[PDB]
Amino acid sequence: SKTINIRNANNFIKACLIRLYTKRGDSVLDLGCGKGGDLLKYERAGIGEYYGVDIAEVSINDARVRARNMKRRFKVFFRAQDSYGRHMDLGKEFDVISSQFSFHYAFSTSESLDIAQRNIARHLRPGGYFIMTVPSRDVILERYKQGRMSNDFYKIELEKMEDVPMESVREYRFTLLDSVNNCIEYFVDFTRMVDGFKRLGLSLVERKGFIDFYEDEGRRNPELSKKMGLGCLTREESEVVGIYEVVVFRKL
């Protein structure tokens, strides 16, 4: 309830990102789909097929039930397995692969990233898109130097301290009110990701902050913002949102 505005913003930004790169009849691969909280959005986008994969079976179960009890016009496929740290082959390619708030979990180890990036590339049609919303390392480290790493909504803690380079930390503890609790998150090594994808044929095409994206997309057209309880984010709510950023790659 206290995080309603934050959830509306994230869902909005997600709907805008989805509406920006998807077209009628497209096939989508939702990595880390979770409880399938995007099935509604894709249903509006008019996509023809949706495939959701998540490591947590408890979340896939919710998504199955939701897809089962929703007025959808597209075929749905669900599978509970590790799509990042384990070889995956669904046997087909998709026009768009989305990963909202979960791809950073692919940065467990160099091997986990290489495996994950390879799974995305073999399931992406030539000219296909790979959309994602992941935490921003630069943003996080900047707030570390500022001394403010939390408020009434979130809380972040880094790794070591005793003679340990600030740029050396590769993971942290994230906590969100009425959500994750002291969850282990892995930093996103942008450079390694870019170079890694560039090697598989995927090039970077977009990278924008949640706030700027939020404001821009919210002005480009009119209130779709009317639908959801959107409006004016407070400074405190903006700190939680201003944590993530949008990143898009295209298979050239």
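Each form is matched to the other, and the largest set of C-alpha atoms that superpose within 1.5 Å is called the rigid core. Note that residue numbering follows the sequence shown and begins at 1.
Enquirer: Return whichever of 219-227 or 38-46 has the larger RMS Cα deviation from the displayed form in 6 other deposited structures of this protein, where every structure is aligned on the rigid core.
Expert: Checking 219-227 against 38-46 in 6 other deposited structures of this protein, I find the farther stretch is 219-227.
Enquirer: Core-aligned, which moves more in 6 other deposited structures of this protein: 153-161 or 136-144, by CA RMS?
Expert: Between the two stretches, 153-161 moves farther in 6 other deposited structures of this protein.
Enquirer: Hey, which bit's got the bigger mean C-alpha B factor in the entry, 164-172 or 72-80?
Expert: Here the higher of the two C-alpha B-factor means belongs to 164-172.
Enquirer: 115-123 versus 150-158: which one carries the higher mean Cα B factor per the record?
Expert: The stretch with the larger mean CA B-factor is 150-158.
Enquirer: With respect to the C-alpha temperature factors reported in the PDB entry, which of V28, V188, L224, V53 ranks highest?
Expert: Top of the list by C-alpha B-factor: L224.
Enquirer: Taking only the Cα B-factors deposited for this chain, tell me whether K251 sits in the lowest, middle or highest third.
Expert: Middle third.
Enquirer: Could you say whether, by C-alpha temperature factor, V134 belongs to the lowest, middle or highest third of its chain?
Expert: Tercile = lowest for this residue's CA B-factor.
Enquirer: Is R235 in the lowest, middle or highest third of its chain when residues are ranked by C-alpha B-factor?
Expert: Tercile = highest for this residue's CA B-factor.
Enquirer: Classify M228 as lowest, middle or highest third according to the C-alpha B-factor given in the PDB entry, relative to its own chain.
Expert: Top third by C-alpha B-factor.
Enquirer: Comparing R44 with the other modelled residues of its chain, is its CA B-factor in the lowest, middle or highest third?
Expert: Ranked within chain, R44 CA B lands in the middle tercile.
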